[PDB]
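So this one's two forms of a single chain, laid out as structure tokens and tagged structure 1 and structure 2.
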Structure 1
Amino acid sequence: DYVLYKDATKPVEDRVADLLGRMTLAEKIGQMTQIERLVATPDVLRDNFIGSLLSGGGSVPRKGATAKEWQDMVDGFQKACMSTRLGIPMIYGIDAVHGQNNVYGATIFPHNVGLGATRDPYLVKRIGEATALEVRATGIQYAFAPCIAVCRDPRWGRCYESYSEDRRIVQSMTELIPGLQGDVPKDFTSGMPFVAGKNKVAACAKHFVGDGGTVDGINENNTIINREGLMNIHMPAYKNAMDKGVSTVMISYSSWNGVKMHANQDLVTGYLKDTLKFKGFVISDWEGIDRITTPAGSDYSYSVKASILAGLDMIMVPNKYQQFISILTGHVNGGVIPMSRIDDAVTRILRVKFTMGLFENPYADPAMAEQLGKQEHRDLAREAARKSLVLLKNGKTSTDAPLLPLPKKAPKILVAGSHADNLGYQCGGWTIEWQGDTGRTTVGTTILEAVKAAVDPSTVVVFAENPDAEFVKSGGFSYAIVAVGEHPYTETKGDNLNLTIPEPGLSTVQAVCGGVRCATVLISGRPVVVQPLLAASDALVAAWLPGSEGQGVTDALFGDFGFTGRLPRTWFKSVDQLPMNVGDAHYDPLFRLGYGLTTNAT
């Protein structure tokens, strides 16, 4: 007879109910299961009725794989899922958090902290739009973004993934969501999931909740704050996300007042679902349920029970799916987890899938492959990089001529520093590899290349990575641009109690600036100890992690555009002050939140 869920003309809720009522326990638990591509095969996906796959950081079909190779991979997985009895398509997720950043040749946008510095939510919306196109170029339908953490301590390894320490700025930047997913209708009910169709992706507000509030910025640790503070600082942007139809929410590894987020029924069910009326699906973080216990994974039966009862809908296993499915099945067979809970999880997952058009367009569009790294998107990334720059100093004394903007025509100029010609360093973490990487890891323009592309043909450009003082003094240079900073890092690898840049960095700046007037470009995911760099430099720019389009840096250095970026975080005098945020009592910043010198074009 007629099969309602297969009818594209029927209301989403009708299709959801019709499908749900046909499903066996195994088919239902399969929907709740997300697995890594590294453990997926056609048989595994078919036999276990798997609902979702992901690429973790750096999980790629091949180094340098083309957009078509990605499409072929995703379609091969999809063909297996479509061959099941019910033919429920899988959704494929990826960390596309500053462009489609795992993918070779993808446009790499500035990281979130720099986007916060722009104070330009419409720019961020356009970045979401471009990112959706480059993710669909690879056949992928779901991005784990935006991170709406409010980082309250820059010692956190994920501080660069937060737009600001000020929740008001984070709230404004939730415009990424309708960029990625499309604008919601006039009639829209807050909390409903939304994706416009095959040229957009499902988004993910992460990580719920208070991930940016942990003690000493220790990643995955304890957020100690009363309910009022949780609701005033860490929660507000989630409500904006509901208003804009975010399709999914990912749960944080962190704890609130000692209670693991992955086990918190009061917040996940009581608040997110029952109070905010979220109707999309809730997803775990990677082995998030394992990490409920100490040691992690020491009581997986408990992990499954606690997380599913808390209200999570889809589990990013991501590897041991056999164990996950077996344990959840036993819990349901034994009455420990009621069918109502399973039915709720599956309802939400299917709602998102039907809503986004996944049943109508389960396969990749080969015509989208050319969106990957499209020059228009690079032009946008270049605009964003330029807008993100914060000018901290532009002259050593009030009577000095301003160094910036620099003249494009000069007999000879020096470009120096570990970060001047290093594409991986200027991109930072979550770029090609999970942790990011060093060197020419993808398609882009380094600071050095951008300088050579900007200057007059008569201008001789010299590169020296770490020149000594004599080299500089003897070189006959008009000025120098010197770029130094943090190395790429991600998650716990980024946790840092000292926030001092690696050497050589300061020594290079001192040697260069001692010999010629210098503009120092600081590449970092966060404020770092900066007084010694300031003391040496004529001008200093906080460029954050500007991404693949290094011409954004030179656009401002050479005065094509004026500097406009303003600090989205407090710049501390010392790490012993931390945590120290705008609005605190005894706030004693080196540079307050909102600080930024300006220049004018030309």
Structure 2
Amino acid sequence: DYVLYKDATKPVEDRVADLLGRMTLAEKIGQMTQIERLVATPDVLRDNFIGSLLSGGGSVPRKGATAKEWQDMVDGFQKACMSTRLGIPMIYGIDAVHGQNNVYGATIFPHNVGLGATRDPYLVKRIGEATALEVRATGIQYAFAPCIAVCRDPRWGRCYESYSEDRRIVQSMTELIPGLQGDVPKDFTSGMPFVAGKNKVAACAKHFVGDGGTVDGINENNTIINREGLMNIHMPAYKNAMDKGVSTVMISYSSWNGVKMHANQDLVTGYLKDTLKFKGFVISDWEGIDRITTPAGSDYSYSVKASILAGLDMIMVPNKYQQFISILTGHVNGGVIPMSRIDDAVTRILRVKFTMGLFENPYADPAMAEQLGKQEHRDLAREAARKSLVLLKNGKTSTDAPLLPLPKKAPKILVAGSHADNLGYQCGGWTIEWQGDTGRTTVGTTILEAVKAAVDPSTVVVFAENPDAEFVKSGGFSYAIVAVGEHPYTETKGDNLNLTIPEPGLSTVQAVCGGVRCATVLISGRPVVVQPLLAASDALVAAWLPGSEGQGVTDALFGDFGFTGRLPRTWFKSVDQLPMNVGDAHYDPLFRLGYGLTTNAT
């Protein structure tokens, strides 16, 4: 018989209230629980009334899985959730942070630092639109993006996930949100959640707040800054996210002035909810509540109390769900956490689910599987990669011929370096694995492959990963393209003191450029020590982490398009200067924010 919450014609708030009024405390606490697919089974999902699942980095049904395999996984979990008494569908989240990057064959877009270099918010919106389609190709409805961190110290291992050290650029790139979710209607109230329907995904502004601040660039640590600095650097892009209807916000592992974000009622409830009027749901980071305590996990009862009372709505447990549900149930039953707090959390979670159409379309659309890796999206990623490139040098003296653009017809050319033919390295972190990987880890085009696809048929292309100087001098080359840089990383292994690229990288550039004129392509997540690379090179391009479409690099090297990218952050002279930002008394950059040379298309 008729149940108001099941009626798709009714207003979202009426459906939320109708469902909430029917729910037991177990059904309510279940909605607030997000678990890893690695611990999920149909019985676990039904018995514990689970509200959400995720894949963390690298959590996949198998290596090489097709889009249909992901849809079958997500639907198998959804069938269990739809079989509960109330039939509340789960929402499945994943880090689709530069495309649907855990998935084999997904288009991999440039990381956010390179997107900052484009200064093109419409390009970023189009990337959100394409990412939503590739996430929905795999049956998933929720992406943990954008990271709107304002990275103020490039020693941070996640600096490549920040569009810029300048909050104005980060604010402009919140256009990712209506890409992913759809544009909000003209009448829209700031802070409400929005998703247009089954071809879009819920988004997540992360990590709230000051994740880009931290002392020594140390990940998951203390950001020391006064309120004016928190509010003028780290917070503004959250208001833009409210204006664009971001559906969820994820809290940072970081602390602000010694207070853990996951326990900060003043910021999570007083500011985000009560001042910005955010009406979507607030989600923890991975074991974020565990890390409220030192050591982490040493008083999980307190972690649950502190986080839920701070105003978090959904907890990314993600493994110990039985303990989580047991502890929260105990707190509620003991009067330590009031029912009004549970009811607010569930109201917000249900509001996002109903608003996005999840009750109407809980299952995957098999017709969407073919969106994965679509050529139109690879053409977009190629455009973005080319626009992200920043030309740092194009001739050793003011009187030399500019090396770039290079001619496509030459008798023989050399492609060299550890990063010339390594797809994993050109994608960086958060690609297939959490920390990324080496070699041909997915479908794409390396810089070597892109050169071979670009050049005249008469041009002989020789590859040598690490040639010695004599090989280059004897090879009869017209010029060389040498690609080197950082290996893939995230915070842990990415948080780095010295910011010097691994060897051999510099040695290869010096060997190659000593023998023939060279264009050096530097692959990195951030500024790295660069004076020695510059001294050896005729031309040098900061290519950041350009993703699967290596032809974006060659589109500018061979002059099909001019270089237009500009630094979205300061390039330091030495790591001893750090942190070093505009307005600091010691500001003395090698290249300033906004620097970049240009070429004209040939």
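Note that the rigid core is defined as the largest set of C-alphas that superpose within 1.5 Å between two forms. All residue numbers here refer to structure 1's sequence, counted from 1. Shifts are known only where both forms have a C-alpha.
For the listed set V12, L578, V582, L590, the sole C-alpha moving 2 Å or more between structures 1 and 2 on a rigid core superposition is that of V582.
After superposing on the rigid core, the C-alpha of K493 is displaced by 2.2 Å between structures 1 and 2. Once the core is fitted, the segments that move between structures 1 and 2, counting only runs of three or more residues with each CA displaced by at least 2 angstroms, are 491-493, 582-586.
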